[PDB]
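Heads up, the chain below is alone and in the form deposited in one PDB entry; it's given as structure tokens.
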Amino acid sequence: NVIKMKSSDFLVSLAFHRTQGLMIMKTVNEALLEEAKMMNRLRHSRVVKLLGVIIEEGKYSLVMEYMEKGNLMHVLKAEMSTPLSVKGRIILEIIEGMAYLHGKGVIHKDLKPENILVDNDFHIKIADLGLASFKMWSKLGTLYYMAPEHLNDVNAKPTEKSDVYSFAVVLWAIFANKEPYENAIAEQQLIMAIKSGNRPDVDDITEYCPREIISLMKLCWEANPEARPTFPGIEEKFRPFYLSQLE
């Protein structure tokens, strides 16, 4: 259903529930409430869960589960190493989360390392901290991970393939431990370049990355959306690969 909370329950912004504990909060009616109920259905181990909603007078808030190590780029850039089997696992979990989301008919629209949260055991959950998947709540950025068909075309409707492109770039970032396109002159020219086929510099992946993940990332950022696999297709390939060579 969906849990209406009050602000007296507490002591993006961290928030401290008096009975439930640590939560995160994005501070922003039948319609907002209804949207929130729809989002409340997204329940999966790899998906940041909507725990509650605060609808009061001078403030509207969405309340989500806390993830202890922050976003994925933060963890990737940490002074402490992140092993290959663990990166493979993170990829597998991202794939599971995305498949579940598309399975509920939800297209993310803004998947990127910031929207990939990480717990203390380096397990991940997909988030939507910018509310890209929302309609009513978003009303009240970097394009490194945005499919070319959306670049310079804000009216085209985003599909599951859009999220697959973002996923491709995320694979790249996972192996390079940084943002792509550091050599770019300016955003305009960069946008035209990516629209015409430019992609993250694979040579800028210095540490070891299996050739088939390089293959996967190249498949997933194909210019033609229909040449990209779905997330279940990706899983179909990647899971037995992960187990058999990585786990």
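Only the largest set of C-alpha atoms that superpose within 1.5 Å between the two forms is called the rigid core. From 1 onward, residues are counted along the sequence shown.
- The records show that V28 is omitted from the coordinate set of at least a third of the other eligible entries of this protein.
- According to the record, 4 to 9 deposited residues between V28 and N29 are left without atomic coordinates.
- Unmodelled residues of the deposited sequence between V154 and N155: none, the chain being continuous.
- 33-41 and 53-61 differ in mean CA B-factor, and the higher of the two is recorded for 53-61.
- For the segment pair 2-10 and 238-246, the entry gives 2-10 the higher mean B-factor, averaged over Cα atoms.
- Each of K135, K104, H123, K87 has a CA temperature factor in the record; the biggest one is found at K135.
- Highest C-alpha temperature factor among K218, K178, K195, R211, as the PDB entry reports it: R211.
- The entry lists a Cα temperature factor for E79 that places it in the highest third of the chain's modelled residues.
- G21: CA B factor lies in the highest third for its chain, per the PDB record.
- Per the PDB record, residue ranking by Cα B-factor puts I185 in the highest third of the chain.
- Remark: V202 belongs to the middle third of its chain, ranked by C-alpha B-factor as recorded.
- Sort the chain's modelled residues by C-alpha temperature factor and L140 lands in the highest third, per the entry.
Below, we refer to the form deposited in another entry, which is not included among the displayed structures.
- With the core held fixed between the shown form and the other one, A184 has its Cα displaced by at least 2 Å.
- After superposition on the rigid core, the Cα of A223 moves by less than 2 Å between the shown form and the other one.
- Relative to the superposed core, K237 undergoes a C-alpha shift smaller than 2 Å between the shown form and the other one.
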